[PDB]
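# Reading the structure
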Amino acid sequence: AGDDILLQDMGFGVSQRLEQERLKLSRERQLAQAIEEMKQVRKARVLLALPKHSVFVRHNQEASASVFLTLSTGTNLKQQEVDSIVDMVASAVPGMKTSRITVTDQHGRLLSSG
Amino acid sequence: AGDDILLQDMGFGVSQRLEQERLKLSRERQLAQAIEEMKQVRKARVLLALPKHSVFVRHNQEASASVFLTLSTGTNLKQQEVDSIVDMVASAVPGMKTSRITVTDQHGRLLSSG
Amino acid sequence: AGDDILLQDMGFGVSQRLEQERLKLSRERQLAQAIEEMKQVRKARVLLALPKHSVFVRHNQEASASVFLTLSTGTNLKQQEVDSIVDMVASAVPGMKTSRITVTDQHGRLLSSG
Amino acid sequence: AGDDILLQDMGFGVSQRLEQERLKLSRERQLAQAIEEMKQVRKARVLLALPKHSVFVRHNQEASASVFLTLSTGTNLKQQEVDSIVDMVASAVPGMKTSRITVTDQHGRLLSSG
Amino acid sequence: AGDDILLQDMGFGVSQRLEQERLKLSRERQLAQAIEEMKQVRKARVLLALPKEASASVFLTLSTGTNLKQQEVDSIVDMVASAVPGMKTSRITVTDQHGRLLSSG
Amino acid sequence: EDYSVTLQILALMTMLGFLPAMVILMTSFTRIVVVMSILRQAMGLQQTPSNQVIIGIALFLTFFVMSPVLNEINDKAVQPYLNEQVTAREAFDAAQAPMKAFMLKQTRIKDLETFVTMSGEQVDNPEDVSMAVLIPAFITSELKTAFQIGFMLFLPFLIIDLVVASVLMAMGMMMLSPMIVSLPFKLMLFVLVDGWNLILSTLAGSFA
Amino acid sequence: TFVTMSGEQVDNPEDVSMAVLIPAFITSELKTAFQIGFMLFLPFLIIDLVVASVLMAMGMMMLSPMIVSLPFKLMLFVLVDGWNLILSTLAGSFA
Amino acid sequence: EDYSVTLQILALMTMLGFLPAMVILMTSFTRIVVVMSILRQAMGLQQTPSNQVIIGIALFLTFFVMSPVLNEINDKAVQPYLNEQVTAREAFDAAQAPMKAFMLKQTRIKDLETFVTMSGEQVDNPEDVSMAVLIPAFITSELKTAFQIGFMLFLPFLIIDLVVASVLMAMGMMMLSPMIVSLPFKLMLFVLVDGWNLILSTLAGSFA
Amino acid sequence: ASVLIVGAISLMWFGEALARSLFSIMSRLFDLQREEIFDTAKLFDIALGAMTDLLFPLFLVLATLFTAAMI
Amino acid sequence: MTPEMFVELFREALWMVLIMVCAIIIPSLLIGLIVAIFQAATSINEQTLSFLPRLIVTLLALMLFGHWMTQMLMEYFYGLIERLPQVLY
Amino acid sequence: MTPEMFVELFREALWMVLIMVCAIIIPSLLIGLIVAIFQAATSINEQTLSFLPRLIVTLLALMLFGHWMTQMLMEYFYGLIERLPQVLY
Amino acid sequence: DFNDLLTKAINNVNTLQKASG
Amino acid sequence: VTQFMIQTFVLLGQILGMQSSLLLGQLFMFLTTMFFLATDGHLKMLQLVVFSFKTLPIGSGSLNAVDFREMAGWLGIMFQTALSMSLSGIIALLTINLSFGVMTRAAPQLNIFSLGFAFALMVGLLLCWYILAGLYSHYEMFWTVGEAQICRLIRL
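Per the PDB record, this model was obtained through cryo-EM at a reported resolution of 3.22 Å.

Laid out in structure tokens, this is it:
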């Protein structure tokens, strides 16, 4: 139930900035919905950062993402699990090389650099 | 069941970018359908990333995908099965050579790098 | 029965992109209908990917397809069967030489890569 | 009974694209109807793949065809029969040199390569 | 719950600059909401400085006791730095309710 | 065996002879000139900015946007040539390479496709095409791009013109010409939006 | 026309003199050019007529259709890819 | 070190060839003509003042407003050069500086920033920026300034035309074109206020 | 017939004041200083000021046309 | 070219504008007629009243048929291009 | 650009011009009806008295919505500039 | 750079004229 | 200065033509050229330039800033002189058109449109016949103003 935003008619007069923001929001929603199906995680919150690219100016910024995972009462993610998480989040969004994903949890331990 | 969007009619509210999104969504849905009929897969969810493939003579962005699977109650997918999944997804969507697919499972074991 | 789309009248306001998508969908429907006439095949789903055909190689996109099938309760496709399927799909659609057709099954054994 | 489409009057809302698709559909229907006139053939459907063509272009597609038919309860087509089928199919439609026809049957035996 | 800014529909009265500020405010609210889910932190307030170089300033009210080690503040600052476009991880100020600094700028 | 000094001078003097052709075909001059032309006709002013000023502005703009490629020619083809490090034939190739690369960044693959077929040469990669084929493809792409930008700038002035005509028709004064009243508002919008600085900045940033 | 004007005895066109072919060739090219030009003129003329009548329907008989029509004339030449379509036809007109 | 007599003559003839450019790109000619273009367009006359007298009045107006800078060039550069007090190289620089100072007095900071970044050069003081970059910024400011003045000049004529149209419509005669009636009123109010003298004061004095 | 006559009668006295109104607007919008030209906000303020100062005399004349029209 | 071919081209151009112009004006024509009947029903005659409904409806008609007009024009331009080799010979 | 991009751009301007004109002509239209019913009550057939109330209210609408309309068009001019790289991409 | 190219060319001509004179 | 005078008459021709619901500048331009030739205007200009050699020597002397401003102020001279010549006619053009409008305003069925175009142009041509009847006196006063300006330039 992430794609509800896309299937709405988005009214009219919405500025380009607002449309990009709402599209990114939908992307975050569906990514979080997918991550919820992980057995280990209970709650997920996904934030995206996609710059303007704009080959007409040479100051590119490159993309990034940050996924917070409130996990189960016990249990911890192994290296394979966090690597799968970062691979999925990276390949779902255009650009965003997989080395710019931050993965955290409620315990406050950092899982992937930035 | 995915074709509901295509056979639907957009009102004059929509605008370019939004249209694109809905088209992609349709593919996702039907692609999800293609995975569902597998005995092993119980639920599927597809996320795509298709850049513009710009006109002029600049280099493009090498579209990507990420498909999440909730398998049967038990079972572990074989290498043949994941190979079939990635081949179907890669050949279903223009461009996006088979080396841009991340396949994960409910238990969290990564099945294809990105 | 796939020909419903073609014989219909598109309402005023269908974006050109939507028309191309509906033509692709119509071709998919008639291909699926042709495949459903196969004795071994009970359900068929077809997805396509259209080309660009630029004389430059680095920008050429080339066509492709991906067809899923749920076969009968028993029996498995022979080499002749899959060859017939791929040849029919290939020659039905412009471009898309026989080397880029992905055929899978309900059990998920790969029958043709891309 | 295929000629109904041609003799009809297309109202507004159909485009060049839809008109071309409907012309192709008319040719396919009349070719299938003429094929059904052979005793060995019981049910048939033909698909065509014709490029945009137009003079003053750099076409690199070339034509293609694919005729599918389910025959009588028994009987097997000889090479002579399939040769007659392919020759009439190729000569009916402009272009499509006779080496680009895929003929299948009800049971999946391939009768002409592409 | 911060996204309510995005899903709300702006009247014609708003004009660009206000819209950009509202987008940033939505980002701040959702970042704070994400941070709250940590066990140690009870309240968080996030501020951003994004040019039209970007930077962040995150204040945390922790529990009654406990203090954030270098690892926890590293996770916090990296999450904020990666979530917002630009803002390399060397330009974030992190403080606490007792005023002890956790990240210089 | 580089070209003799007498032939080298004869070649350079010929290039100066075709200097107007190089500027009007191989550079950014055409797109800027056309966009300025559309903008001038978009407003009520026929030739108020005058033709010499429009070309004068374009000449400075086309020199600034092509300073990187001009420097690349100097740093790779002129200085090695003057320092006696490259054959004159090599230096000519070293000067032509950045110019070809710049024209390819601002061209459309459809333009290359039609001209390559028109020339009838079997070339696949879109980087080793002849200047005889690249130049018509480049100038065709610049004209089409200028029309797109010209239409973009024309729309706000069309909006003002329709509003003024509609308001006048609302009061029943159909005899009053909308153009005379529309013009000060067209000047008004273009000046409080800082149009002149905006358009020249966008035209400069367009070539990328 | 020029063979009768030059007063020479010509049996077949493929052996006429050069002095009688150059005036005839340029004459045919000018006529053929006009026919192609008329083809391209119609789509822009239709847009001008359409926008002129729409403005007249709403009662504004003082607004010049030329200003309003110009953005649409440019767009028609753009999304049809005119600068590639026209040149390809002109090159293809000699084959 | 100093240029020879033969080379100095060549430079002198070169600047005479570019003399029309220096008038319309460096002096105040562009602003005056654009403003006078608006004045002709604002009134119902289309070509009635004719192009010849507008340029001739603009030329005389420029010589009036450029007289301080031209005299400053005469004193600082021409006089030492004629008396052989200074060399030709420094005399040319001494003549260039007053032109640069005048162009700085008629430009805006935003315009300079756009072009100095566009040129991709390094500078910290506006006073020592190259004249090649100052020229596009100068005319861009001039065009914006001229549109501002022209917009203010267009308002009173729009005011008169709207009043006449409203009066005719209010009297019930929805059949008479406002332009014919309004034209004498616009011309009468342009004369009894001595409009051109007021425009001279706000145009010649606008530079300072 | 009566409406046009009263308008001409109104133009006898109100028209002279309307001529004064047009005189002031042209005089102010022509006499600009360096500070006024270089500021966009100041130009719009005078544009509104010239607009509003026009409305009051124009409204009186048109009201004189309306009042006689009903009578 | 043959005169009959010229008339063909002339007719299809006039048919193109007629179809395009009627699809845009017919909505305005009906609305203007509806307002006029309503004004007659209440015994008022205001010439400038029936302008807002016509302008809005016409703008709505232009927005609704934006894709249809573009498709019609683009295909017509292609049709003349493809009809050119038939004429030149 | 693409045919759909033109329709998007065309509709946005058409929506913009519709909003720009509607804010001014709506008050004049309502006042016209108010004068119309007044002349229906007194049975006076004069048709020139209604010009003044429409003209006064029209200027009132311009004064009230002058800043909002100018800002909307100015932001629209910026909006096309912002989307210009997207079209040229 | 490219700007100095014209300056160097004129100086060489001036030097050649100066030495010749 | 000579171009200023002739084009002012061209201004006089076009204002009458514009007010005449309507090339009429050329009619005035040609006639004003005849006035320039008939009044020996060319001889006077040649006498002025040779006098300029006496009172404004070649060596020391040039136009000052005040001369430029006086010459730049001739645009106001054009409009004031052109309006002065046409004020009587332009009032006549307006009053007959306003009289025609009010007299035919009783029936809104007639209107004017093109019917008003024909009526306006016939009267406008007739008024131009009146303008040419008394144009010579205006030219004589205009030439005196222009000649005085020329002598001011040469400091005579």
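Now that the structure has been shown, we can carry on.
### Description of the overall build of chain J
Looking only at helices and strands, chain J has 3 helices and 0 strands in total. Reading chain J from its N terminus to its C terminus gives the helix and strand order α-α-α. In summary, chain J has a C-alpha radius of gyration of 19 Å against a globular reference of 12 Å for 89 residues, an excess of more than 25%. Put simply, of all contacts in chain J between residues at least 6 apart along the chain, 73% involve residues at least 24 apart.

### Focus on a negative patch on the surface
Residues and elements named next belong to chain F. A cluster of acidic residues, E1, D2, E84, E90 and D93, forms a negative patch at the surface. Positionally, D93 belongs in helix α6 (residues 88-105). A relative accessible area of 47% places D93 in the partly exposed class.

### Quick look at the environment of H:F102
Residue and element names in this part refer to chain H. Relative to the assigned elements, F102 resides in helix α6 (residues 88-105). Overall, the relative accessible area of 8% leaves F102 in the buried class. With near-sequence residues (within four places) excluded, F102 lies in contact with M26, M66, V69, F138 and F207.

### Remarks on the interface of chain D and chain C
Taken together, the contact pairs 36 residues of chain D with 32 residues of chain C. Between chain D and chain C the total buried area reaches about 2800 Å² when both faces are included, carbon and sulfur atoms providing 57% of it. Connecting chain D to chain C are 1 salt bridge. A salt bridge links D:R29 to C:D3, with the shortest nitrogen-to-oxygen separation between them at 2.8 Å. Where chain D meets chain C, there are 12 residue pairs in polar contact. For the side of chain D that touches chain C, the elements supplying multiple residues, two or more each, are α2 (16-36), β1 (41-49), β2 (64-71) and β3 (101-104) of chain D.

### Topic: the sheet that holds β2(D)
Strands pair in a sheet through their backbones, by hydrogen bonds, and they do so in one of two ways: parallel or antiparallel. Spatially, 3 strands are ordered β1-β2-β3 (chain D) in an open sheet, and the strand pairing comes out mixed. Here the strands that pair on one side only, and so sit at the sheet edges, are β1 and β3 of chain D. On average, each strand axis in the sheet is inclined to that of its neighbour by 15 degrees, with strand direction left out of account. Alignment of β2(D) against β3(D), held across 4 bridges, turns out to be parallel. Looking across to β3(D), one finds that D:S66 is bridged to D:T102. The strands touched by helix α3 (residues 79-92) of chain C are β1, β2 and β3 of chain D; relative to β2(D), the strand with the most contacts, the crossing angle is about 135 degrees. Seen against the sheet, helix α3 (residues 79-92) of chain D touches β2 and β3 of chain D and runs at an angle of roughly 135 degrees to β3(D).

### A closer look at the pairing of strand β2 (residues 55-62) of chain E
Residue and element names in this part refer to chain E. Summarising burial for β2: 6 of the 8 residues are buried, a large majority. By the bridge criterion, 8 bridges tie strand β1 (residues 41-49) to β2 in an arrangement that is antiparallel. Bridging from a neighbouring strand, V46 pairs with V58 of β2. Relative to strand β3 (residues 92-96), β2 runs parallel, the two sharing 5 bridges. Counted as the bridge partner of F59 is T95 from β3. Once the chain exits β2 it traverses helix α3 (residues 70-83) before rejoining the sheet at β3, and the crossover so formed is right-handed.

### Things to note about the side chain of H:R40
Residues and elements named next belong to chain H. By secondary structure assignment, the location of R40 is in helix α3 (residues 29-42). Within the buried core, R40 has no salt-bridge partner, and the shortest N-O distance to an opposite charge, that of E142, equals 18 Å. Dropping the residues within four chain positions of it, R40 is found in contact with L45, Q46, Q47, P49, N51 and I54.

### Notes on the sheet that holds strand β2 (residues 64-71) of chain B
Reading across the sheet, the 3 strands line up as β1-β2-β3 (chain B) and stay open at both edges, with mixed pairing between neighbours. The open sheet has two edge strands with one neighbour each: β1 (41-49) and β3 (101-104) of chain B. Direction aside, the axes of adjacent strands within the sheet are offset by 15 degrees on average. When β1(B) meets β2(B), the two strands line up antiparallel, connected through 8 bridges. Considered in β2(B), the bridge of B:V46 is made with B:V67. Lying over the sheet, helix α3 (residues 79-92) of chain A contacts β1, β2 and β3 of chain B, oriented at roughly 135 degrees with respect to β2(B). This element, helix α3 (residues 79-92) of chain B, spans β2 and β3 of chain B of the sheet and lies at about 140 degrees to β3(B).

### Digging into the packing of aromatic side chains
Counted under the stated rule, the structure contains 38 aromatic pairs over all chains. A centroid spacing of 5.0 Å and a plane angle of 70 degrees characterise the contact between H:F190 and M:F79, whose relative ring orientation is edge-to-face. Of the two residues, H:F190 sits in helix α9 (residues 178-192) while M:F79 sits in helix α5 (residues 74-103), which places them in two different chains. Each member of the pair, H:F190 as well as M:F79, carries the same accessibility label: buried. Through a chain of ring-to-ring contacts, three or more aromatic side chains come together here, namely M:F4, M:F9, M:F35, M:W74, M:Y136, M:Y139 and M:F142. One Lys or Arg, B:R58, reaches over the ring of B:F56 and ends 4.7 Å from the middle of that ring. Positioned above the aromatic ring of F:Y3, the side-chain terminus of F:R89 is 4.2 Å from the ring centre.

### A short note on the UniProt feature "transmembrane region" (unreviewed entry) in chain J
All names here are of chain J. Feature annotation in UniProt assigns "transmembrane region" (unreviewed entry) to the following positions: residues 13-39 and 51-70. Secondary structure content for residues 13-39 is 100% helix and 0% strand, and the end C-alpha separation is 38 Å. What you have in residues 51-70 is 90% helix and 0% strand, and the ends, taken at the C-alpha atoms, are 27 Å apart.

### With respect to the environment of I:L11
Looking at where I:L11 falls in the secondary structure, it is placed in helix α1 (residues 2-30). Along the primary structure I:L11 and I:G49 are separated by 38 residues, whereas in three dimensions their C-alpha atoms are 23 Å apart.

Here is what the cut-offs are and how they apply
- Residues numbered from 1 in each chain as written, not as in the entry; some residues may be left out.
- Chains lettered and ligands numbered in written order.
- Part of a larger assembly, values for the part shown.
- Heavy atoms only, no water.
- Helix = DSSP H or I, 4+ residues; strand = E, 2+ residues; numbered from the N terminus.
- Rg over C-alpha atoms; globule rule 2.2 N^0.38 Å.
- Contact = heavy atoms within 4.5 Å.
- Patch = residues over 30% accessible without salt bridge, like charges linked within 9 Å, V, L, I, M, F, W, Y side chains within 5 Å.
- Areas by Shrake-Rupley, 256 points an atom, 1.4 Å probe, with all protein chains shown as cover.
- Salt bridge = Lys/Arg side-chain N within 4 Å of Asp/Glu carboxyl O.
- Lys, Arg positive; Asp, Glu negative; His and termini not counted.
- Charge placed at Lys NZ, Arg CZ, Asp CG, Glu CD.
- Buried < 20%, exposed > 50% of the residue type's maximum accessible area, 1.4 Å probe, protein only.
- Buried area = accessible area lost by both parts, 1.4 Å probe.
- Polar contact = N/O pair within 3.5 Å; in protein donor to acceptor, adjacent residues only side chain to side chain.
- Pairing = 2+ DSSP bridges.
- Axes fitted to C-alpha atoms, helices over the stretch in contact; angles between N-to-C directions.
- Right-handed = clockwise from strand over helix to strand, strands pointing away.
- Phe/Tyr/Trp six-rings, centres within 6.5 Å; stacked < 30°, edge-to-face > 60°.
- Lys NZ or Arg CZ within 6 Å of the ring centre and 35° of its normal.
- UniProt positions renumbered as here; feature names shortened; annotations may be inferred.

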